[PDB]
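So the structure is just underneath, and the comments pick up after that.
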Amino acid sequence: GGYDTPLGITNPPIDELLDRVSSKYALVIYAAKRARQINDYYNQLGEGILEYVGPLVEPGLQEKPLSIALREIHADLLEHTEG
Amino acid sequence: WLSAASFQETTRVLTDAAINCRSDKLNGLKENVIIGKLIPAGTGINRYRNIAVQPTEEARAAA
Amino acid sequence: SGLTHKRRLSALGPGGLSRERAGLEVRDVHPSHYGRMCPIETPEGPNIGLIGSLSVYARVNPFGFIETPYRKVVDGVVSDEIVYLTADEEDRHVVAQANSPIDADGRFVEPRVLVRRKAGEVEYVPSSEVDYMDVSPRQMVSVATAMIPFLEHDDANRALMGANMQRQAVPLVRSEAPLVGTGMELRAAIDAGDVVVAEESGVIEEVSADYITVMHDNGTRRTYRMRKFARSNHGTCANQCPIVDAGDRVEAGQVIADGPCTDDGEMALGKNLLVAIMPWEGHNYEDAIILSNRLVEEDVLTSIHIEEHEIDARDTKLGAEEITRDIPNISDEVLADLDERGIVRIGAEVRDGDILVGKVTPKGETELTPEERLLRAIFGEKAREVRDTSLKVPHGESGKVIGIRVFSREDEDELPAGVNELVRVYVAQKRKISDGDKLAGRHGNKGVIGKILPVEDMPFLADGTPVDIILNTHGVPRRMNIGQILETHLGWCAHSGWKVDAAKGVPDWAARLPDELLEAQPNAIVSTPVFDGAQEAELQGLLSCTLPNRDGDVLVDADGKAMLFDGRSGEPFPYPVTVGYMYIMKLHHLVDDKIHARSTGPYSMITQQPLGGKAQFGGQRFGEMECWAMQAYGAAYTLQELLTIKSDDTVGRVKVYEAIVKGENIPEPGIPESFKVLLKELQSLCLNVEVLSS
Amino acid sequence: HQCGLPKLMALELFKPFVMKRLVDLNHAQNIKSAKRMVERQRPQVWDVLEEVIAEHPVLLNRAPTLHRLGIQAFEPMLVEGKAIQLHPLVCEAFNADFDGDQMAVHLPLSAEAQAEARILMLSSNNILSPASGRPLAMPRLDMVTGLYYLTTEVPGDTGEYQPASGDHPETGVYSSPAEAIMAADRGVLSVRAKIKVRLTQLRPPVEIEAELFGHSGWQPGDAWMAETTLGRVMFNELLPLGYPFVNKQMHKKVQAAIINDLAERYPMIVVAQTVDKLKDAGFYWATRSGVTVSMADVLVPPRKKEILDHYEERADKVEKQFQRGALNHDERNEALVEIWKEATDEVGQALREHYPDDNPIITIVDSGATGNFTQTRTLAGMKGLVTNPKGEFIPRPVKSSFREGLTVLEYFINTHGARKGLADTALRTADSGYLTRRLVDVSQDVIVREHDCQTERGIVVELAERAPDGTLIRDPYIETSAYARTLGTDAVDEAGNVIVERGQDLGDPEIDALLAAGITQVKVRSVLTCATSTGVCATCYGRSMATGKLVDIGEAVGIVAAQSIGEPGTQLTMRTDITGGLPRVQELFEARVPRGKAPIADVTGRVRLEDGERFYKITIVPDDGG
Amino acid sequence: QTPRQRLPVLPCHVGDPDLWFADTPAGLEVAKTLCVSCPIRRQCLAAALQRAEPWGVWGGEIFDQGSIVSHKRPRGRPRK
Amino acid sequence: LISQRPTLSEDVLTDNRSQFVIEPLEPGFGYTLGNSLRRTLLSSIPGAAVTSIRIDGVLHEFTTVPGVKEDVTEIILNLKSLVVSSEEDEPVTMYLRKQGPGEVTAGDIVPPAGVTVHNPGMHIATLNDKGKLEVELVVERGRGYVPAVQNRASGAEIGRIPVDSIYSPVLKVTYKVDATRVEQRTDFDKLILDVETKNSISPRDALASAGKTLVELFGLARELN
Amino acid sequence: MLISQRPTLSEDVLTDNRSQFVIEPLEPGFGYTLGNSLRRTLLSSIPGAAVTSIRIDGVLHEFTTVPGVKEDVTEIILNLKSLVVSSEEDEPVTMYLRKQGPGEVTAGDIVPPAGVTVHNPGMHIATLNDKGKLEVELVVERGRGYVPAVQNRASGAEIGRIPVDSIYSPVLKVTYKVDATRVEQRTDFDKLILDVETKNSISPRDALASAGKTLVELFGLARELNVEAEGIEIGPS
Ligand code: SF4
Ligand SMILES: [Mg+2]
Ligand SMILES: [Zn+2]
């Protein structure tokens, strides 16, 4: 668990991420569906609230929704069940 | 048969599968590329495509 | 390259065999080629050995066979009756070798001389069956491959690449002659015809930038017009400039005017740049090249390119097109340069995408949407019943405008039917050197330009002179082209100048050296010919005595190395480093010809794939090997996306575009159009194709 | 994970994204105004473009795309200029030189596709080649020369430690590598001397730590002495904190072993940062090392004329005996071929004996950076023999070296072999593409489906057969036969206890335990014996080498297998009438009857060796009574 | 952060547009004074003159159904 | 502990080339100090050079004046070698009247107030009896090197030929240290600089400018507290 | 003219004494022109103090081991070499420490005379075992840079006075690198990233201040030759 702090696209580290899922494919689909929910919530905030809710962690200034979703998964804030 | 038509004798490969009414299965990787659906390997299998994503309820109340 | 495109022997074409029919025993080198076709030079693609060049001394028979000169040595006494022979007589007789030690009157010296035989054999014969000695060495070699110095120290692969990329240089704007070459550079320039040559001896009367009036001996005069900045066939300038004065006397055959790549008559394709062969901090890895900024500042490597753009005015079904200042609703800002009748003025600097010719086409009248009707009623504008098709400069092109040639059907000129006015604009950007451009030496050591450093953090000798290009040292031993190292050592010797100390007579290495190579001025030129050059002993002996610069300073010691400081850190390098004066060219595979991108542009008609080519936008081909790569990675979605919505799904492409622009999620892909085409074909061929749900 | 990008390309690439963003910042109120602003390239688009381009991965690809690592995903960053910059380590995977080769950029759009290019195809997560498991981000030529010069040790160098006493102490010891660095920045020390530092932040090797602390040396804290160089300390600080001290000379095989063990024991992000620090120090010490090529650094052997006269007398005697008609033409050419091969090997031996160790050319060769010794032999020594257009040898042969320069006839002879190699390389490229196409079209359906086939069958593995004197000599084919395969049954040494149970991954410590226990025949579980319907179960296939762990349940092992087999074409030379090259592989998978049909037995027992005239005829004695 | 044209500077479209069609002469006086700070009163006023406006504040000036007004009389008996 | 500070001495070889010697320094300091002064000198001395010219009979860079041996681009590459020296930072103009046969040296340029041309003997172009040459030039100030600033970046007419300029009045700078480094640990360096400048300003003035730039820069790192 | 962008300076902390400065942004170039000079001045300019030579009873020429103590003579020497101290008197002051009997000798056991200031008592220097007695003198003088062990040219003056190497300087390790921020809006301005770690006699901030002072005097030596010249200006904060 000792390294330099990762920077750019590699934060959070994938080898530490992967203990939350079973396999890389499931992790990819996990993050992509969460990012679709995030972007739908961001686009649909002008009117009344839809069934999707929020970046559960606080984002940066201009942060990509996929990166927000990955930090959520690393934050141990979601749960899922495969097909 | 759809994959088999890509090699040779496409007239011949069709014209006997036409007699047998040989329905294809769409299970390989060569045929799903042709008809433009998801390949059944990697992130295309039904274990990894029906994944439901939802927040945990201990963090639902923090929102 | 203009010279060596002629004297080319192909092998394919009508009446000849194609490349698929080219069996492997026609691309080889049959040993009758010695003197009749050069074995070095060939295109290196899928055309190796099919296309070859003539030799230097060859000559074609009345019947179309290829002759070759030979001295006719009689009874061990070498005569001078030069006798042309063909392949059959060469197979008949016994042929000697070019550098045989003749005893200064005709007699041989050693009794067992080298000989080529009938079957391509190399033997040893007593000196009485010899009846034909070669005229010279280098008879087996081409024209381009007779210009590489120290060719006999190089491998044939790298010699092939060097002689192949000697025909891709560019004409610079200064064109300095090389410090060391072979003597056959003057003849290849005055025989290439791109140098104006005086025809009768006389006295120059009046020079200019554009015409020379040579006054002959008897009354008559003659004026030689020049060609100032005419476009070549590949987009380079073809400028000429005189090299004489108003009072000189010239003789019939003297060079009077340099051409594109000439200096004082002889050929010159590049500049002499100081070089160093250490690896430098990873910026030259797997043979990249770094350069000083002095090349950019002093315009050492600065070509000129000339581009031609063309547009025309046909007759349509809905009327006739026209060339006007007036266009659809574009402001007077873009009309700041256009002349009274369309095209831009001469000298108006353009940028990317600006208007060059203002042409607007009669589009007829279509029906009106009610919303457009409401907006036009609101704003109160012209109906604009004509559609604009203006010639605009494509991406990344700029620079001045030289000439605007205009042809008209009204003006009694030859035009295709329906076309009324045909116009042509010449745009001439001056292009500096930049990273991404290709540089090459003479021995096929090419490489792109890595990082143009500033001048101060570039290593320098003890005199303060910074080097100008740093090569890499891992690329020399594994390719076997040490001709560049020998050329570099001789380049430093020829630059700094030598004087052999003949105090106690001539030293031992300088026995075979001629007179007046014992000493030479600094920055004087030499010439080593191809297969009889300077020996390594002569190179070491010249490097021993290399008279100092301004102070008492021999910057380069006996090994050829030198002591380099480091401009970035400051400390000296701990080990001495080879320096010396190489000669490198600039290649016409510049980056701006090659770089193109495409977001969304035109499309095919019969299919719906995007177009291809860099003249239009063009998109990259996504081959089946890359399909295999994506499948083996396991990314299904990227593969499906690359095969549905970026190339085929014509109703989904615009949905993707508007979803990107609005900011929503990307929608799910639809059925690609190729599958529907295949489905309709299979239904058309009386095959009851049905899909199954359950 | 980064890569460059020119701005005049990236602006064209990201045009709709930048249109949306600069409408949202009101620099242009409508889309047509945004498009005209982008076309005129007003200066606000760059400050918009950086914010729209951060953390948005793009792809790279170089045609031809041989194997799975041909397409990798990189995070872009803006480069003023016109050429795509590239990380120097990944050129080994892309097989890209810098002679003018061109790569192509694509761009993923959807959230799914960006997730795939961020997690799967990211360049930092592809270090091991899937064909063999060796690394492909290992430092190549230039940095390898740098690390070799850094970690070599020179006796007799400046400021060496000597224990010369009775008058004054050792004067070689140093309290800390900080003090050693200060002394080397002064004029005293060289990098490659031999000193006795007192390290504190480097973990000692296993034997020394067992000697001193036994087991509890937590090397964050403690202090110990070591008679290394300075350079090995300086290089060894690049490796992670837990890694034991190395103290060797960094030949390329040693660096492959270090990076392989590191990737086995540590996460990929640690491996990536380690190999990047390795690249930086490798380049910085490569430019200090003074590797230059000059004609004073190419020495001819001083015995070549004596060697050539001694072989020349034998060649002249053979030619004289053919001149008298004592033998035939093919015997003449065969004898001359043998004479000149012996002469070439003799002069190569003399050259390698003559060359000192610290020469630049032999340093580049010996480090494992590039090349072999034959190229040095041709560059100084003799060329040897050159082949024919048909392929036979020329019995002339060449007796000169490229430093001394060839003559006209010898250059003419060399041209045949040069042109032949040049054409046949492209021919072999096309044939390798054909073979890869056939193998892909056969095995494009084997994908992992279940997790456990639940059989008991399996193949056996030789694994370090017993010596006749009696010891376990390790078999040379283990990494391609026994590593990374799960165990079908357990292994028990001499009917005692088990050592490794069923289901273990069978890596190096299990290998060492089985070798120490003294067994050869294990029965690994593998595919061939997989009992699923279509595709293979995950637990049979073993450890996927691209990850270093077990495979998932969706991997396309068939396409990985086909690309890993068909990629090392264009390095399969046949020989100098039985096939032994690339077409030998081609007829194997086609399974046709080979030309060199040597028959096999049909029953055991004694045999009757028996020859007739000009062709043999052997019968076999049966023991079955048939 | 905008770097747009002079549209927020343009005091025509700063607030509610129905203010500019006020049915109270006092209520449009603020509107008429608001185009005292307008950069483009000449061309706007000229355009409104040539296009024969029927209504509203134009160029910092109200318009009748045909032409220019000083200012409209309110409801009721006009005064002395 | 050495109780001394180094004293900058001086030595003049020729009128535009002179030496400077600093002694004594710490060991391992002479190389770095000389390199810092060299990198300061070679690219950060403000000077003055011709930016844009405008001949009368031409419209762009790619033609020929009627009656000259050279052409427009050759006149450009001759004029890039000029050495002018201005006082104020504003664009001043200097002209060139020449008529009839002879040679156009650089000495025929008539400067306005402030500026001056330091090498009148430079050959620019040659003229026959039918040639007529009228060219103005613009002189700026500035430092370093700047590429050709485009015409459309300005608002000029068609005739305004732009030329990339090089204002740096220094040419070739080297050093050489001499480490005493004796066994009594009385060790010190002796930095022997060597400046040669392109006749515009004296090497003393060039070195003074470099030293003032470095002092002003290191005042920041001094000014933390 | 003007530098057109004022370079800032922002310190940092990793340990008690290991800072990591960063200067940003500079002119193109200039990162290597000031970072290398700053590194060398930091290493070899700041005064400090250390031990020059020791002399220990019992051993006069037998440099193998000392009676009573358990570790080697070389272990004692290179243990004592890493002892942080400061002084005032430019003459070579002397020291003395004495301890008998069993126990562990730490650096606080030495008695300091006037001027000297041992900045860590808590550091092991010996472990005297089984009724031994250790008596060691030390020579401390101030200095700069890092000299090697001075050869005993006065070997007739003393025979047991073994000289040692002496790290005079207070800093210990300086690394640096550059970067290439904002190549389009700011046209390739460089970001210097220093890294200085020192022993705890002084702090990195005042270390940087003293380095800047000696450098600005050294370059003002060159400046005060023609003060009426023109160079690049920065301005106020
Ligand atoms: S009416 Fe007056 S304030 Fe309103 S937009 Fe027109 S000119 Fe401007
Ligand atoms: Mg290549
Ligand atoms: Zn199985």
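Identifiers for the structure tokens are assigned positionally: chains receive A, B, ... in sequence, residues are indexed from 1 per chain, and ligands are indexed from 1 in the order shown.
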Could you name the residues that touch residue 1 of chain E at 9 Å or less, counting only C-alpha atoms, but leaving out those on the same chain fewer than 5 positions away, as a PyMOL selection string? chain D and resi 25-27
Would you export the selected residues with C-alpha atoms as a PDB file, in the first residue's frame, please?
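And here is the file that came out, again.pdb:
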ATOM      1  CA  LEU D  25     -19.152  29.966 -21.473  1.00  0.00           C
ATOM      2  CA  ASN D  26     -20.993  32.407 -23.798  1.00  0.00           C
ATOM      3  CA  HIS D  27     -18.003  33.127 -25.998  1.00  0.00           C
TER       4      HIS D  27
END
Show me which residues line ligand 2, defined as having an atom within 12 Å of a ligand atom where only C-alpha atoms and all ligand atoms count, and present them as a ChimeraX atom specification. /C:286-288,446-448 /D:62-64,91,94-103
DSSP alpha helix (DSSP H) selection over segment 115-328 of chain C, as a list in words: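 Taking segment 115-328 of chain C and keeping alpha helix (DSSP H) gives residues 156, 157, 158, 159, 160, 161, 162, 163, 164, 165, 187, 188, 189, 190, 294, 295, 296 and 297 of chain C.
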Would you mind listing the residues within 10 Å of ligand 1, counting only C-alpha atoms and all ligand atoms, as JSON, numbers by chain? {"E": [7, 9, 10, 11, 12, 13, 14, 17, 20, 31, 32, 33, 34, 35, 36, 37, 38, 39, 40, 41, 42, 43, 44, 45, 46, 47, 48, 56, 57, 58, 59, 60, 61, 62]}
Enumerate as a VMD selection string the residues within 9 Å of ligand 3, counting only C-alpha atoms and all ligand atoms. chain D and resid 450 to 455 525 to 532 536 to 541
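Separating atom CA of residue 230 of chain D from atom CA of residue 180 of chain D is a distance of 7.1 Å.
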If the cut-off is 8 Å, can you tell me the residues of chain B near chain D, counting only C-alpha atoms? I'd like them as a ChimeraX atom specification. /B:28-30,41-43,45
C-alpha atoms of the current selection, written as a PDB file, in the first residue's frame:
ATOM      1  CA  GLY B  28     -19.308 -17.046 -32.214  1.00  0.00           C
ATOM      2  CA  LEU B  29     -17.345 -13.857 -32.558  1.00  0.00           C
ATOM      3  CA  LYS B  30     -17.210 -13.669 -36.334  1.00  0.00           C
ATOM      4  CA  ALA B  41     -17.120 -12.236 -25.165  1.00  0.00           C
ATOM      5  CA  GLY B  42     -15.684  -9.748 -22.747  1.00  0.00           C
ATOM      6  CA  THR B  43     -18.256  -7.113 -21.780  1.00  0.00           C
ATOM      7  CA  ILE B  45     -21.998 -11.697 -21.826  1.00  0.00           C
TER       8      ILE B  45
END
Which residues, written as number ranges by chain, have at least one atom at most 12 Å from residue 220 of chain G, with only C-alpha atoms counted and residues fewer than 4 positions away on the same chain left out? F: 5-8, 207-219; G: 212-216, 224-227
Write a file of the just-selected residues containing N, CA, C and O atoms, as a compact mmCIF listing (two decimals), in the first residue's frame.
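The resulting file, again06.txt, is shown below:
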# COMPACT_ATOMS: atom_id res chain seq x y z
N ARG F 5 36.58 37.39 -0.32
CA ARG F 5 35.58 37.42 -1.37
C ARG F 5 36.26 37.65 -2.70
O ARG F 5 37.27 38.36 -2.76
N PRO F 6 35.77 37.06 -3.79
CA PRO F 6 36.46 37.18 -5.07
C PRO F 6 36.29 38.56 -5.68
O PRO F 6 35.29 39.24 -5.46
N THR F 7 37.30 38.97 -6.44
CA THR F 7 37.34 40.28 -7.07
C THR F 7 37.33 40.09 -8.58
O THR F 7 38.19 39.40 -9.12
N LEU F 8 36.38 40.73 -9.25
CA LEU F 8 36.28 40.63 -10.70
C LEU F 8 37.35 41.51 -11.32
O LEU F 8 37.27 42.74 -11.25
N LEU F 207 28.32 42.14 -20.14
CA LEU F 207 28.46 41.44 -18.87
C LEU F 207 27.72 42.15 -17.75
O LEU F 207 27.15 41.50 -16.87
N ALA F 208 27.70 43.49 -17.79
CA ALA F 208 26.96 44.25 -16.78
C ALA F 208 25.47 43.99 -16.88
O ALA F 208 24.79 43.87 -15.86
N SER F 209 24.96 43.89 -18.11
CA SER F 209 23.54 43.60 -18.28
C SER F 209 23.19 42.21 -17.77
O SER F 209 22.16 42.03 -17.10
N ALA F 210 24.05 41.23 -18.04
CA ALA F 210 23.80 39.88 -17.55
C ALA F 210 23.83 39.82 -16.03
O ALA F 210 22.97 39.18 -15.40
N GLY F 211 24.80 40.50 -15.42
CA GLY F 211 24.89 40.51 -13.97
C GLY F 211 23.70 41.19 -13.31
O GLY F 211 23.22 40.73 -12.27
N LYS F 212 23.21 42.27 -13.92
CA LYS F 212 22.06 42.95 -13.34
C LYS F 212 20.80 42.10 -13.44
O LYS F 212 19.98 42.09 -12.51
N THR F 213 20.64 41.38 -14.56
CA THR F 213 19.49 40.48 -14.69
C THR F 213 19.53 39.38 -13.65
O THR F 213 18.51 39.08 -13.01
N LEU F 214 20.71 38.80 -13.42
CA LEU F 214 20.81 37.72 -12.44
C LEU F 214 20.61 38.22 -11.01
O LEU F 214 20.01 37.52 -10.19
N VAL F 215 21.10 39.42 -10.70
CA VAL F 215 20.92 39.98 -9.36
C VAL F 215 19.44 40.24 -9.09
O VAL F 215 18.92 39.88 -8.02
N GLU F 216 18.75 40.83 -10.07
CA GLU F 216 17.33 41.07 -9.90
C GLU F 216 16.53 39.78 -9.80
O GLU F 216 15.54 39.72 -9.06
N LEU F 217 16.97 38.72 -10.48
CA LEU F 217 16.27 37.45 -10.37
C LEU F 217 16.48 36.81 -9.00
O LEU F 217 15.52 36.34 -8.38
N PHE F 218 17.71 36.79 -8.50
CA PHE F 218 17.96 36.15 -7.21
C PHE F 218 17.51 36.98 -6.02
O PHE F 218 17.48 36.45 -4.90
N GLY F 219 17.16 38.25 -6.24
CA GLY F 219 16.52 39.02 -5.18
C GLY F 219 15.20 38.43 -4.73
O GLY F 219 14.81 38.61 -3.57
N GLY G 212 20.76 32.54 -1.16
CA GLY G 212 20.41 33.68 -1.97
C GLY G 212 21.26 34.90 -1.67
O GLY G 212 21.60 35.66 -2.58
N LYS G 213 21.64 35.08 -0.41
CA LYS G 213 22.49 36.22 -0.06
C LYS G 213 23.88 36.10 -0.67
O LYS G 213 24.39 37.06 -1.27
N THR G 214 24.51 34.93 -0.54
CA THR G 214 25.86 34.79 -1.11
C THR G 214 25.83 34.84 -2.62
O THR G 214 26.73 35.40 -3.24
N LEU G 215 24.76 34.32 -3.24
CA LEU G 215 24.66 34.39 -4.69
C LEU G 215 24.42 35.81 -5.17
O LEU G 215 24.97 36.21 -6.20
N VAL G 216 23.62 36.58 -4.45
CA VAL G 216 23.34 37.93 -4.92
C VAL G 216 24.55 38.83 -4.72
O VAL G 216 24.79 39.72 -5.53
N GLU G 224 28.27 45.44 -10.51
CA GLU G 224 28.89 46.73 -10.20
C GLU G 224 30.17 46.93 -11.01
O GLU G 224 31.28 47.03 -10.48
N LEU G 225 30.00 46.98 -12.31
CA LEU G 225 31.02 47.24 -13.31
C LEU G 225 30.57 48.33 -14.27
O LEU G 225 31.40 49.14 -14.71
N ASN G 226 29.30 48.36 -14.62
CA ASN G 226 28.67 49.49 -15.29
C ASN G 226 27.21 49.48 -14.86
O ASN G 226 26.38 48.81 -15.47
N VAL G 227 26.90 50.24 -13.80
CA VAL G 227 25.57 50.20 -13.21
C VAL G 227 24.52 50.81 -14.13
O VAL G 227 23.33 50.50 -14.00
When you get a sec, could you note down which chain C residues fall within 8 Å of chain A, using only C-alpha atoms, as a PyMOL selection string? chain C and resi 663-665
Can those selected residues be exported to a file as a short mmCIF file (atom, residue, chain, number, x, y, z; two decimals), in the first residue's frame so that it contains N, CA, C and O atoms?
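Here's the written file result35.cif:
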data_model
loop_
_atom_site.label_atom_id
_atom_site.label_comp_id
_atom_site.auth_asym_id
_atom_site.auth_seq_id
_atom_site.Cartn_x
_atom_site.Cartn_y
_atom_site.Cartn_z
N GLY C 663 -25.35 17.72 -24.63
CA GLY C 663 -24.76 17.29 -23.39
C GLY C 663 -25.43 16.11 -22.72
O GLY C 663 -25.15 15.85 -21.55
N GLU C 664 -26.31 15.40 -23.42
CA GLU C 664 -26.97 14.25 -22.85
C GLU C 664 -26.09 13.01 -22.98
O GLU C 664 -24.98 13.06 -23.51
N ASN C 665 -26.59 11.89 -22.48
CA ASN C 665 -25.91 10.62 -22.66
C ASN C 665 -25.95 10.20 -24.12
O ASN C 665 -26.86 10.57 -24.87
#
Pick out the residues sitting within 7 Å of residue 196 of chain F, and hand them over as number ranges by chain; count only C-alpha atoms, and ignore anything fewer than 5 positions along from it in its own chain. F: 16-18, 170-173, 203
Output for the residues just chosen: N, CA, C and O atoms as an mmCIF file, in the first residue's frame:
data_model
loop_
_atom_site.group_PDB
_atom_site.id
_atom_site.type_symbol
_atom_site.label_atom_id
_atom_site.label_comp_id
_atom_site.auth_asym_id
_atom_site.auth_seq_id
_atom_site.Cartn_x
_atom_site.Cartn_y
_atom_site.Cartn_z
ATOM 1 N N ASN F 16 36.509 44.343 -29.559
ATOM 2 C CA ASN F 16 35.203 43.732 -29.374
ATOM 3 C C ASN F 16 35.308 42.355 -28.745
ATOM 4 O O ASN F 16 34.369 41.563 -28.837
ATOM 5 N N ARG F 17 36.434 42.048 -28.116
ATOM 6 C CA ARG F 17 36.610 40.748 -27.490
ATOM 7 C C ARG F 17 37.558 40.909 -26.323
ATOM 8 O O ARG F 17 38.660 41.433 -26.492
ATOM 9 N N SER F 18 37.138 40.451 -25.149
ATOM 10 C CA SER F 18 37.916 40.682 -23.947
ATOM 11 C C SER F 18 37.650 39.566 -22.955
ATOM 12 O O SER F 18 36.685 38.814 -23.086
ATOM 13 N N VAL F 170 25.561 39.571 -28.694
ATOM 14 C CA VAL F 170 26.694 38.760 -28.281
ATOM 15 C C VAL F 170 26.819 37.566 -29.217
ATOM 16 O O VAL F 170 25.852 37.149 -29.861
ATOM 17 N N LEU F 171 28.038 37.051 -29.335
ATOM 18 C CA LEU F 171 28.377 36.115 -30.397
ATOM 19 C C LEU F 171 28.828 34.758 -29.893
ATOM 20 O O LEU F 171 28.279 33.736 -30.312
ATOM 21 N N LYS F 172 29.822 34.714 -29.015
ATOM 22 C CA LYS F 172 30.505 33.459 -28.723
ATOM 23 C C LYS F 172 31.177 33.599 -27.369
ATOM 24 O O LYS F 172 32.105 34.395 -27.227
ATOM 25 N N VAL F 173 30.715 32.836 -26.386
ATOM 26 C CA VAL F 173 31.120 33.000 -24.998
ATOM 27 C C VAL F 173 31.608 31.668 -24.454
ATOM 28 O O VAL F 173 30.881 30.674 -24.511
ATOM 29 N N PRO F 203 31.870 44.330 -24.538
ATOM 30 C CA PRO F 203 31.675 43.171 -23.662
ATOM 31 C C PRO F 203 31.498 43.531 -22.204
ATOM 32 O O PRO F 203 30.813 42.794 -21.484
#
Against chain D, which residues of chain G fall within 8 Å? For each one I want the closest pair of atoms and the distance in Å (one decimal), counting only C-alpha atoms, rows by chain and increasing residue number, as a Markdown table.
| residue | atom | partner | partner_atom | distance |
| --- | --- | --- | --- | --- |
| G:61 | CA | D:166 | CA | 5.5 |
| G:62 | CA | D:166 | CA | 6.5 |
| G:63 | CA | D:169 | CA | 6.9 |
| G:74 | CA | D:169 | CA | 7.9 |
| G:78 | CA | D:175 | CA | 5.4 |
| G:79 | CA | D:175 | CA | 7.2 |
| G:81 | CA | D:175 | CA | 7.3 |
| G:82 | CA | D:175 | CA | 7.0 |
| G:146 | CA | D:182 | CA | 7.3 |
| G:148 | CA | D:183 | CA | 7.9 |
| G:162 | CA | D:168 | CA | 7.0 |
| G:167 | CA | D:179 | CA | 7.5 |
| G:172 | CA | D:178 | CA | 6.2 |
| G:173 | CA | D:178 | CA | 6.1 |
| G:183 | CA | D:80 | CA | 6.8 |
| G:184 | CA | D:80 | CA | 7.1 |
| G:185 | CA | D:47 | CA | 8.0 |
Can you list, as a ChimeraX atom specification, every protein, DNA or RNA residue that comes within 12 Å of residue 17 of chain B when you count only C-alpha atoms, leaving out same-chain residues fewer than 4 positions away? /B:1-2,4-5,10-13,21-24 /C:687-689
Please find the residues of chain A near chain D - the criterion being any atom within 9 Å, counting only C-alpha atoms - and write them as JSON, numbers by chain. {"A": [1, 2, 3, 4, 6, 8, 9, 10, 13, 14, 15, 16, 22, 23, 24, 25, 27, 28, 29, 31, 32, 33, 35, 36, 62, 63, 64, 65, 66, 67]}
Which of these, F:19, F:167, F:115, F:224, has the shortest distance to residue 8 of chain G once you count only C-alpha atoms?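 Once distances to residue 8 of chain G are computed over only C-alpha atoms, the minimum belongs to F:224.
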Can you list, as a list in words, every protein, DNA or RNA residue that comes within 10 Å of residue 208 of chain G when you count only C-alpha atoms, leaving out same-chain residues fewer than 3 positions away? residues 221, 222, 223 and 224 of chain F; 21, 38, 39, 41, 42, 46, 196, 203, 204, 205, 211, 212 and 213 of chain G
